[PDB]
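Residue numbers (mature numbering (1 follows the signal peptide of the UniProt record, and there is no 0)): 70 to 399. I have placed the structure first, in the form of structure tokens, so that the comments after it can refer back to it.
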């Protein structure tokens, strides 16, 4: 089997992308944030504290003939940005772009933090990291991909995120029309539960590529590109007027600047992020100061190849027995 679904930016900055997901019988369609940096599929629901729901579409398990309560099970997750959610657990039929998994754990939120409430466009998350990170207790549950894997024509999914435009998540096949040139594959470590890999270096604008190992994670659920302070400083030093602002929380630059591209290495191959992808717009409405899309990972504890990087590539998440990542230009 295969599936193919369009993913759409939630706003004009590509802060996140939402993909429609059918849950239950008859289907209830919710727009979920596909997150290769976590491993829980959780949704706003009829059980979510009413005051914490503001515009989201909710899952109502009592209206699904296929919903089953997982007795006594709970879940609770905290993300890197300090947001969180928790609740109880159902299994139900979940379909993505025509691909159906029966008995998928659907984690129903009883509580969500303010960041989730305040974002009316995101009805929940669909985790695509390794199932070892799943937070269900007492027994951990499998991700949608892990459950679908054996049925897929090939044990893969691909992310093809758009710049200020829709893109595609495919399951079970590689669309050879969706990229230019060849896909370069690189090793993955699952030791921390992530799609963790080692980039071979970077270049700033037209500068010569610097060969250096950069360990990090391919994370569709993180907006920006977070890299070591040395790398990030080298980038912003090429932008007139750019500076790190402790009050704003990162590198800012004059909105009138023309940003250089940023290149990262995948083996002997190279992915070029255009300068425009690195512009995240005015720091506040009407400001002439803009927020940068490449920021330091110091204090996160891990480097993160988030949407700014991933949207410059066609990315293969190969879930074979020995997982790998593939990157192609597009």
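Quick reminder that beta carbons are idealized off the backbone N, C-alpha and C, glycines included.
Burial state of residue i (16 or more Cβ within 10 Å)
{"i": "residue 123", "result": "exposed"}
{"i": "residue 78", "result": "buried"}
{"i": "residue 235", "result": "exposed"}
{"i": "residue 99", "result": "buried"}
{"i": "residue 137", "result": "exposed"}
{"i": "residue 151", "result": "exposed"}
{"i": "residue 260", "result": "exposed"}
{"i": "residue 350", "result": "exposed"}
{"i": "residue 132", "result": "exposed"}
{"i": "residue 287", "result": "buried"}
{"i": "residue 83", "result": "buried"}
{"i": "residue 277", "result": "exposed"}
{"i": "residue 187", "result": "exposed"}
{"i": "residue 366", "result": "buried"}
{"i": "residue 391", "result": "exposed"}
{"i": "residue 217", "result": "buried"}
Of the listed residues the options, nearest to residue i (C-alpha basis)
{"i": "residue 74", "options": "329, 242 and 142", "result": "242"}
{"i": "residue 249", "options": "262, 229 and 276", "result": "229"}
{"i": "residue 171", "options": "214, 332, 186 and 256", "result": "214"}
{"i": "residue 370", "options": "91, 298, 157 and 233", "result": "298"}
{"i": "residue 355", "options": "108, 283, 324 and 110", "result": "324"}
{"i": "residue 126", "options": "304, 137 and 92", "result": "92"}
{"i": "residue 305", "options": "188, 285, 236 and 327", "result": "327"}
{"i": "residue 85", "options": "105, 315, 71 and 70", "result": "105"}
{"i": "residue 253", "options": "96, 387 and 81", "result": "387"}
{"i": "residue 337", "options": "279, 81 and 315", "result": "279"}
{"i": "residue 376", "options": "348, 219 and 368", "result": "348"}
{"i": "residue 309", "options": "167, 322 and 303", "result": "322"}
{"i": "residue 76", "options": "245, 102, 94 and 225", "result": "102"}
{"i": "residue 156", "options": "300, 166, 302 and 117", "result": "117"}
{"i": "residue 220", "options": "167, 357, 120 and 374", "result": "167"}
{"i": "residue 265", "options": "144, 90, 372 and 113", "result": "372"}
Cβ-Cβ distance between residue i and residue j below 9 Å
{"i": "residue 291", "j": "residue 149", "result": "yes"}
{"i": "residue 158", "j": "residue 176", "result": "yes"}
{"i": "residue 128", "j": "residue 196", "result": "no"}
{"i": "residue 289", "j": "residue 394", "result": "no"}
{"i": "residue 130", "j": "residue 107", "result": "no"}
{"i": "residue 267", "j": "residue 255", "result": "yes"}
{"i": "residue 181", "j": "residue 109", "result": "no"}
{"i": "residue 281", "j": "residue 271", "result": "yes"}
{"i": "residue 239", "j": "residue 71", "result": "yes"}
{"i": "residue 94", "j": "residue 135", "result": "yes"}
{"i": "residue 346", "j": "residue 381", "result": "yes"}
{"i": "residue 174", "j": "residue 139", "result": "yes"}
{"i": "residue 334", "j": "residue 245", "result": "no"}
{"i": "residue 225", "j": "residue 389", "result": "yes"}
{"i": "residue 406", "j": "residue 257", "result": "The shown model of the chain, from 70 to 399, leaves out residue 406, and the question about it has no answer."}
Contacting residues, own chain, Cβ-Cβ under 7 Å from residue i (five flanking each side not counted)
{"i": "residue 169", "result": "162"}
{"i": "residue 319", "result": "313, 360, 361 and 364"}
{"i": "residue 274", "result": "307, 329 and 330"}
{"i": "residue 154", "result": "111, 146, 178, 180, 181, 182 and 185"}
{"i": "residue 403", "result": "As displayed, the chain neither begins before 70 nor continues past 399, which places residue 403 out of reach and without an answer."}
Cβ neighbours of residue i in the same chain (closer than 8 Å, five flanking residues each side left out)
{"i": "residue 208", "result": "142"}
{"i": "residue 223", "result": "241, 242 and 243"}
{"i": "residue 233", "result": "78, 81 and 83"}
Three-state class that DSSP yields for residue i in the structure shown
{"i": "residue 338", "result": "strand"}
{"i": "residue 218", "result": "helix"}
{"i": "residue 305", "result": "helix"}
{"i": "residue 378", "result": "helix"}
{"i": "residue 187", "result": "coil"}
{"i": "residue 116", "result": "coil"}
{"i": "residue 126", "result": "coil"}
{"i": "residue 103", "result": "strand"}
{"i": "residue 197", "result": "coil"}
{"i": "residue 298", "result": "helix"}
{"i": "residue 232", "result": "coil"}
{"i": "residue 271", "result": "strand"}
{"i": "residue 180", "result": "strand"}
{"i": "residue 262", "result": "coil"}
{"i": "residue 344", "result": "helix"}
{"i": "residue 251", "result": "coil"}
{"i": "residue 328", "result": "coil"}
{"i": "residue 213", "result": "helix"}
Beta-carbon proximity list for residue i, same chain, < 6 Å, skipping 5 on both sides
{"i": "residue 341", "result": "330 and 332"}
{"i": "residue 317", "result": "352"}
{"i": "residue 343", "result": "330"}
{"i": "residue 200", "result": "108, 211, 212 and 215"}
{"i": "residue 383", "result": "229, 247, 248, 397 and 399"}
{"i": "residue 227", "result": "239 and 385"}
{"i": "residue 263", "result": "198 and 286"}
Any non-hydrogen atom of the ligand ZN within 8 Å of residue i CB
{"i": "residue 324", "result": "No copy of the ligand ZN occurs in the structure displayed, which carries no ligand at all."}
Minimum Cβ-Cβ distance from residue i to chain B less than 9 Å
{"i": "residue 119", "result": "The structure shown contains no chain B; it is built from a single protein chain."}
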